[PDB]
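Before any questions on how it binds or moves, here is one chain, the form deposited in one PDB entry, in structure tokens.
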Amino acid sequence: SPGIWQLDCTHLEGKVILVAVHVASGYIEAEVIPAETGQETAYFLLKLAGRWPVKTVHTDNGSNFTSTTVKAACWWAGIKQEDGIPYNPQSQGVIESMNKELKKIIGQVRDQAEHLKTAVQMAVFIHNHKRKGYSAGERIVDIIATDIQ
């Protein structure tokens, strides 16, 4: 489980927000794209895996699970690509809650930037620094450092 991430795609302002959550910590990275394609999802996973030791990804839907470009990036980066089926139903709920909480934060900051993408990165920052006690950013570093050592 230190290597497990989940993809999640949510919509705001006619645009798509692609999120990766590190399931054990709650830590996230996110970006805005005009629409979810395999091309964009593949690039996002390549960025993530160069930054954190991503071993497994639960993909967000069957189009990205099937996408040959996503499978190419998962092969390149050494990621085991998995489906995203909430074989555990508390999964659907945790992700829904995250999207509602991210959108709330986005609305709390939205007036401080012109572009949605800036607001989304402000919300990533506030989410990862929030203590709840340790923050998600502290949790992920502690988890992965324990895994190394």
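Numbers follow the displayed sequence, beginning with 1.
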item	value
Deposited residues lacking coordinates between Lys132 and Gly133 (none, 1 to 3, 4 to 9, 10 or more)	4 to 9
Of 6-14 and 121-129, the one with larger mean CA B-factor	6-14
Per the entry, higher mean C-alpha B factor between 33-41 and 86-94	86-94
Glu101, C-alpha B-factor rank within chain (lowest, middle or highest third)	highest
Cα B factor band for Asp111 (lowest, middle or highest third within the chain)	highest
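One more form of this protein should be noted, the form deposited with a small molecule bound, which is absent from this view; the next part is about it.
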property: Exercise: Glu101 in contact with the small molecule in the entry with it bound, heavy atom 4.5 Å; result: yes
property: 4.5 angstroms heavy atom contact with the small molecule in the entry with it bound for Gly26; result: yes
property: The small molecule contact at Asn88 in the entry with it bound, heavy atom, 4.5 Å; result: no
